[PDB]
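Asks: Below is a structure I'd like to ask you about.
Since every read-out is calculated from the coordinates, none of them should be taken as a lab result. Quick reminder, even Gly has a Cβ in these numbers, built from the backbone with ideal geometry, and neighbours come from all protein chains shown.
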Amino acid sequence: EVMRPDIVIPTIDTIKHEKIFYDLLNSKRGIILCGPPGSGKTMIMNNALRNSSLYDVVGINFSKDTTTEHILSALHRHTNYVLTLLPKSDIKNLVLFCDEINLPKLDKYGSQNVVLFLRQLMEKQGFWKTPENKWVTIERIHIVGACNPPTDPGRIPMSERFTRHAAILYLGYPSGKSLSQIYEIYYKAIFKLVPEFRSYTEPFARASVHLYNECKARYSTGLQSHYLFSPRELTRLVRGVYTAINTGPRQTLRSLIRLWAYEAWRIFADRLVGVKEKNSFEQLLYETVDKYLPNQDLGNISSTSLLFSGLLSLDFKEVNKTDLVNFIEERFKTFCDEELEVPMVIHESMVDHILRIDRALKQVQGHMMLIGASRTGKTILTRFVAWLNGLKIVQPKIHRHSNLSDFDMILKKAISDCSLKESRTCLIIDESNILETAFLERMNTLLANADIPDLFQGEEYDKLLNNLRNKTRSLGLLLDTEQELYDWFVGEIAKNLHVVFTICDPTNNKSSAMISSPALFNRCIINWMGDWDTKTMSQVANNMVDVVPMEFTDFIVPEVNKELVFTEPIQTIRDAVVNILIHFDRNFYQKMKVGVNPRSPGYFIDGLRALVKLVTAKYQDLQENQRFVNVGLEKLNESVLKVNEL
Amino acid sequence: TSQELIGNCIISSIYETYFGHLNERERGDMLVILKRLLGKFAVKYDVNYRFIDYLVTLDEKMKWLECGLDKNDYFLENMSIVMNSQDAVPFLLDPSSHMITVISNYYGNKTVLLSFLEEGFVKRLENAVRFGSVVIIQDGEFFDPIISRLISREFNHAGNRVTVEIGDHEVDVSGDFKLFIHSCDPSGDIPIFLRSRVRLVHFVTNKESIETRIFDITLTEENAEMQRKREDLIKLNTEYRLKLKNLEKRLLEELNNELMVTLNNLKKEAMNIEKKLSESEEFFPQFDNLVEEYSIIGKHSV
Amino acid sequence: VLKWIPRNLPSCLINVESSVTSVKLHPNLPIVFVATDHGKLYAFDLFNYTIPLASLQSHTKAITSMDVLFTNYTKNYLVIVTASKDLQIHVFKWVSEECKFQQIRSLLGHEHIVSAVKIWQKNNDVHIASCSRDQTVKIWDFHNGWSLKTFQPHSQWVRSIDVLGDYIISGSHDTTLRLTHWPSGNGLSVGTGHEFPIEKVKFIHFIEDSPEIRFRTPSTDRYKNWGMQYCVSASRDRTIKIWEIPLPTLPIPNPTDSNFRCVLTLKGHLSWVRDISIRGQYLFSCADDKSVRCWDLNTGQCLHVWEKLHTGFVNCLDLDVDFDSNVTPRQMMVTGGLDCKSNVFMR
Ligand SMILES: Nc1ncnc2c1ncn2[C@@H]1O[C@H](COP(=O)(O)OP(=O)(O)O)[C@@H](O)[C@H]1O
Ligand SMILES: Nc1ncnc2c1ncn2[C@@H]1O[C@H](COP(=O)(O)OP(=O)(O)O)[C@@H](O)[C@H]1O
Ligand SMILES: [Mg+2]
């Protein structure tokens, strides 16, 4: 029951908020909940209205492009016209939950239709109908809303004329004790699967809460704009631990500690951009495990030393590095044989990125958002991973002579293939495929909810529902109501659709709005590959220059500083060549004033390939000249010996 | 000569890849720091290295200069980088839009000029890649992602033939097909997808290039005799090297299967090579003296 | 006599220069025929395996499949059909006296690489089957050397076929099995149930006499008259499934009875299963988990597992033909791995 998003552990803060929320509704007063993005406004909101014997739920989410027509249509499925507007129920009142009311944007004259409509129905107790000029009196229908603070970009500050009629509640973050209790309950539910470790539920929860607190304190927003932490990270940690325990083998204490460390690595430290920050997180994991789980026989807790994968076996267990590398090599050879062919080099970082992408793509509603330098292996790596799991890859062919119609048609085809044909789809979205803000709005609608409602309307809506009913009757499921068909359809879409976002230049404003968008940030899984470190560069260069003859001359090993050589210590000319190429790449990127921008390693790979080809050609020419002069000198020596003999 | 092959290959490959989009001062600074890095890690390079002399021959230089290329060494290096980028599609940045003529003269009638602001652009591009004609695409600032599998070379081998996916259909390729992309506005926004996967070069004229062109012009008109003498010695040395190679091949053929006449010709040729090298050894530092003499004109001009 | 089980260790080991793609057994003499990934066809003696009896390179690219047959004319010899990625199909002949390969003819016509080949004889007429990446299954004649009929049953490329009389089944990359009547050229039924592309499909053949068999016995005189009851498939989803072949209107397909239905599904492979082969009442299979498994038809559970049989993948497996009384079922089994090991199991 840990995958159900409506499961709420009742703590004292939740009960207090439910009580004051009920008291505020019963006073006939609007409610605005404002707080940090992981505070739990929607969760407490839906938990309070779900177990209510007096109020119903009208779940609507506001966007940048929102009109009063959406609100009126959402009322029409729960309200009846008798002039007076009344809910369909006779006893239960109606509550409109409007999530993210800050998202609607002002016009060119600094006002929004939706907030004024809410103010009109919330102060004058009704509204004026447009097509026949009638006043619709509302007598028992309530109204609430939730929003993030307007300090962060994307949240439009809203007029006091509307907020003066609604009581504002600030939902802060839960304290340390509350989080410890909640995830103690969560880990008890998880460890019910493993009965021999029931006594370790409390220290694991305390370790996770301390990890979240330290990660929020250290990696603040001042370093990077996407360093935003929340209890949703802890919930994703619990869900990942469950997903790994459920399909895994029998687990010991060391295996469970390493598994929790792997999940913490893949959730808290996927988005870390610096090597020093990743070292700080590794030290943090060491300190947390030492303080809260004092167990010996624990290996390295580095990212490369924690390789959990279910590809090599029938269960999610910790695989060896060499066997995994061999399996990835053979699978990639088969993939290049059966699909597009590129000359990739298998290094440790690529194996780790394959593992985390495969972990994310195996989750229900598992979307991805990959950030890094160009030519770091994101699109081809996602294609290979989707080929391993059998996901059908759909790539939008968006060019400059395109508009929202072509993108909408591509998305419609993807949705139809996902539902009507029951084929798992891995839609890979690049930042170059998004030109205007409307594409980002469509992607936000697809990610935040499980469907874009504005895509289907009228005759298209009718034929889509007819096809949906035909598909439901084809599988022998007794569904007749429109709500059952619609929520089964959005469940199928949320089950069999994976969207992978590829971002190459996060410094750019378009990619900045792509990352900072609330629907993409709170749903997708960030994976900051960034630029290549010197170890990966050394591995790639050593795997790329070992196929060419380079050791022909004597090479004197010099004396150098320890930190001026990044490759393993120099013994042959290949190590010196690799170190020279890495050093010049670093110097060139440093002296071109690139700043804190990611460094595309395309220059390095192109230089390696050009060096290999040039060394091959030059050594062939030199060997040809050597053979020619040797043959000539031997012939001349034979001739002079014959002359001296006779 | 053999002990200094790896360092020269490293320098030439780095010069081909990294230095496409740098002006002359930054090219010299990066080259001297690369030479310092080679000297630090105990790899021996050529002390008198020159990129044009090492990589391309005199025949290619004469072919480029006859086709319409400028006499500048920066433009010669850029053209050599463009013609040696067999894997990455070269990206030419011409403020004057002149190199289209040079490439057309190099490839003759096989060249086809397209643009990114056309309507039948994609269909004639598919026809050209099916036939195998050299394609030059202008207005590179408005790159259209239809050729994203031609830029990244994401081909699939359909057995005995190679195929690329353009649009919603599979089109064949040819072994002699070459793609060129042309740009005219240096301030245009090149997409990162193309920019990371092309051999971007700069045929621009900068203030350091003003200094070099000022020196070139004052050497051409102030003392033309030294310039034509150096050109004559270079051409004579190349022709004499070819003649010595031909005489060596003839002597090897004679030894394998007259001999005195061939030996006398080889000895006379070798003495002529020695005399020519001795004459040219005492003439090169005069050019360096003239460079040291014509620095104030460059400084005043810039 | 059909209850032979190989021991836990190989009887002998064979060294090859490159990866082994397909292995077949000579049905009269103890000689193996081991293909390579460099197009080379080898031949080793089971008592003298230090040096090959022959080594012929006739394919530019890697050999994809192999199937041998001993000719029965109402002179008798061996016909070895090797298929490869060099766009060609080559038909050989084994010279028993001189231990040499003498090519009879080469068969062309496919637009892409080929995957599997089969050869069978109905009544004094030898035919060679093949499947290719061009989504078309075309068969040839051994004497004429010209194509007879072709058909495209699948949207994507087929991967494995098998033959019996005038019926051809074909697994493919769109995870759908199809059984096509070759003279009619129309698919009788379509398969569904595997989540990954199919690897090897072959017909399940009946037996003459046994105490009890659940998978090779026709349950009715209608099945006996039809001559086909069940078929077995292996695919990249680590599963082996048994399909019941629906019988259409009698050949014209039945809209209400034109779909395969899975009967018994065997699981336990840690990676992709590559090749299968049925012998007696045992379903031998090899996979990519460096192992060879010995399934059982009756109980539906594995009896013997050979863990770590190879360093790399286990590409191909082959045993002797048991269903035909003309070809004796001798007690040798040879496996073929990716790690250049053609292990042979005898006695
Ligand atoms: N008291 C609590 N009990 C259980 N889970 C909680 C509690 N407080 C916060 N959470 C976790 O925090 C997350 C808040 O999610 P959500 O309500 O969507 O935040 P918001 O609505 O502010 O975006 C939930 O996923 C939940 O797992
Ligand atoms: N080991 C490697 N890791 C990453 N990229 C590599 C490796 N080896 C080669 N490449 C280069 O990466 C390119 C593919 O990058 P791609 O994934 O398309 O870039 P992006 O991640 O921006 O989509 C290939 O053209 C290849 O030259
Ligand atoms: Mg929220």
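Asks: Looking only at the stretch B:171-198, filter to residues that are more than 12 Å from every other protein chain (Cβ to nearest Cβ) and within 22 Å of A:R383 (Cβ to Cβ); which one of those is farthest from the chain's Cα centre (by Cα)?
Replies: The residue in question is B:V171.
One line per residue, one yes/no per condition, for (1) within 14 Å of chain A (Cβ to nearest Cβ); (2) of a type in the set (V, I, T); (3) surrounded by 18 or more Cβ atoms within 10 Å (Cβ to Cβ):
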{"residue": "C:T180", "(1), (2), (3)": "no, yes, yes"}
{"residue": "C:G187", "(1), (2), (3)": "no, no, yes"}
{"residue": "C:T192", "(1), (2), (3)": "yes, yes, no"}
{"residue": "C:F203", "(1), (2), (3)": "no, no, yes"}
{"residue": "C:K224", "(1), (2), (3)": "no, no, no"}
{"residue": "C:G227", "(1), (2), (3)": "no, no, no"}
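Quick grid of which residues meet (1) away from ligand 3 (no atom under 16 Å from the Cβ); (2) in a loop (DSSP other than H, G, I, E, B); (3) within 21 Å of A:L24 (Cα to Cα); (4) within 14 Å of chain C (Cβ to nearest Cβ):
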| residue | (1), (2), (3), (4) |
| --- | --- |
| A:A146 | no, no, yes, no |
| A:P150 | no, yes, no, no |
| A:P174 | no, yes, no, no |
| A:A205 | yes, no, no, no |
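Asks: Let me ask something additional. Would you point out the residue of the stretch A:28-44, among those that are more than 7 Å from ligand 1 (Cβ to nearest atom) and either among the small types (G, A, S) or in a strand (DSSP E or B) (or both), that is nearest to the other protein chains (Cβ to nearest Cβ)?
Replies: In this case the residue turns out to be A:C34.
Asks: Exactly one condition in (1) part of a loop (DSSP other than H, G, I, E, B); (2) surrounded by fewer than 16 Cβ atoms within 10 Å (Cβ to Cβ) is false for B:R36; which is it?
Replies: (1) is the only condition that B:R36 fails.
Asks: Next question. Taking the options A:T322, A:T304, name whichever one is exposed (fewer than 15 other Cβ atoms within 10 Å of the Cβ), within 14 Å of chain C (Cβ to nearest Cβ) and either within 16 Å of ligand 2 (Cβ to nearest atom) or part of a helix (DSSP H, G or I) (or both).
Replies: Checking each option against the conditions leaves just A:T322.
Asks: Among the residues of the stretch A:101-110, is there at least one that is in a loop (DSSP other than H, G, I, E, B), of a type in the set (D, E) and surrounded by fewer than 17 Cβ atoms within 10 Å (Cβ to Cβ)?
Replies: Checked the stretch A:101-110: at least one residue is in a loop (DSSP other than H, G, I, E, B), of a type in the set (D, E) and surrounded by fewer than 17 Cβ atoms within 10 Å (Cβ to Cβ).
Asks: State whether the residues of the stretch A:218-239 include one that is farther than 21 Å from A:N61 by Cα, within 16 Å of ligand 3 (Cβ to nearest atom) and among the β-branched types (V, I, T).
Replies: yes
Here's the yes/no breakdown for (1) among the hydroxyl-bearing types (S, T, Y); (2) in contact with a strand residue (DSSP E or B) (Cβ under 6 Å, 6 or more places away or on another chain); (3) crowded, with 22+ Cβ neighbours inside 10 Å; (4) within 14 Å of chain A (Cβ to nearest Cβ):
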site: C:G280; (1), (2), (3), (4): no, no, no, no
site: C:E307; (1), (2), (3), (4): no, yes, no, yes
site: C:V321; (1), (2), (3), (4): no, no, no, no
site: C:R330; (1), (2), (3), (4): no, no, no, no
site: C:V334; (1), (2), (3), (4): no, yes, yes, no
site: C:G337; (1), (2), (3), (4): no, yes, yes, yes
site: C:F345; (1), (2), (3), (4): no, yes, yes, no
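Asks: Let me ask another. Could you check, for the stretch B:57-76, whether at least one of its residues is within 14 Å of chain A (Cβ to nearest Cβ) and in contact with a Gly (Cβ under 6 Å, 6 or more places away or on another chain)?
Replies: no
Asks: Test A:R271 against the stated conditions and say whether it is part of a loop (DSSP other than H, G, I, E, B), away from chain C (no Cβ under 14 Å), away from ligand 3 (no atom under 16 Å from the Cβ) and farther than 22 Å from A:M43 by Cα.
Replies: yes
Asks: Yes or no: A:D417 touching a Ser or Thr at 6+ places or on another chain (Cβ under 6 Å) and away from ligand 1 (no atom under 16 Å from the Cβ)?
Replies: So A:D417 fits the description; yes.
Asks: Of the residues that make up the stretch B:155-166, is at least one of a type outside the set (G, A, S), within 14 Å of chain C (Cβ to nearest Cβ), farther than 18 Å from A:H401 by Cα and assigned to a loop (DSSP other than H, G, I, E, B)?
Replies: Yes, the stretch B:155-166 has at least one match.
Asks: Can you list the strands (runs of 3 or more DSSP E) found entirely within the stretch C:13-100 that contain at least 2 residues being among the aromatic types (F, W, Y) and on the phi < 0 side of the Ramachandran plot?
Replies: The strands (runs of 3 or more DSSP E) meeting that bar are C:40-45.
Asks: Since A:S309 meets every condition but one in (1) within 14 Å of chain C (Cβ to nearest Cβ); (2) surrounded by fewer than 14 Cβ atoms within 10 Å (Cβ to Cβ); (3) within 20 Å of the chain's Cα centre (by Cα); (4) not aromatic (F, W, Y), which condition does it not meet?
Replies: In the conditions (1) within 14 Å of chain C (Cβ to nearest Cβ); (2) surrounded by fewer than 14 Cβ atoms within 10 Å (Cβ to Cβ); (3) within 20 Å of the chain's Cα centre (by Cα); (4) not aromatic (F, W, Y), A:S309 misses (2) alone.
Asks: To continue, here is another question. Quick test for you: out of B:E274, B:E253, B:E258, pick the one residue that is more than 14 Å from chain A (Cβ to nearest Cβ) and either farther than 30 Å from B:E126 by Cβ or crowded, with 16+ Cβ neighbours inside 10 Å (or both).
Replies: So the residue among B:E274, B:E253, B:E258 that is more than 14 Å from chain A (Cβ to nearest Cβ) and either farther than 30 Å from B:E126 by Cβ or crowded, with 16+ Cβ neighbours inside 10 Å (or both) is B:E274.
Asks: Among the numbered criteria (1) in contact with a helix residue (DSSP H, G or I) (Cβ under 6 Å, 6 or more places away or on another chain); (2) away from ligand 3 (no atom under 16 Å from the Cβ); (3) part of a loop (DSSP other than H, G, I, E, B), which one does A:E18 miss?
Replies: A:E18 satisfies every listed condition except (3).
Asks: Output the qualifying pairs, or none if there are none: Cβ atoms under 7 angstrom, residues six or more apart or on different chains, first residue in the stretch A:25-43 and under 20 Å from A:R164 (Cβ atoms), second residue assigned to a loop (DSSP other than H, G, I, E, B) and within 10 Å of ligand 1 (Cβ to nearest atom).
Replies: Matching pairs, first to second residue: A:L33/A:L171; A:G35/A:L171.
Asks: Only one of B:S12, B:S2 is closer than 21 Å to B:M83 by Cβ and facing another protein chain (nearest Cβ under 8 Å). Can you tell me which?
Replies: From the options B:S12, B:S2, the qualifying one is B:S12.
Asks: Just to confirm my filter: which helices (runs of 4 or more DSSP H) fall fully inside the stretch A:338-453 and include at least 2 residues that are closer than 29 Å to A:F604 by Cα and away from chain B (no Cβ under 14 Å)?
Replies: It comes to A:348-361, A:379-389.
Asks: Test B:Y74 against the stated conditions and say whether it is in contact with a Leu (Cβ under 7 Å, 6 or more places away or on another chain) and either part of a helix (DSSP H, G or I) or surrounded by 15 or more Cβ atoms within 10 Å (Cβ to Cβ) (or both).
Replies: No: the conditions fail for B:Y74.
Asks: Given A:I582, A:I525, which one is more than 8 Å from every other protein chain (Cβ to nearest Cβ), under 30 Å from A:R271 (Cβ atoms) and away from ligand 2 (no atom under 16 Å from the Cβ)?
Replies: A:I525
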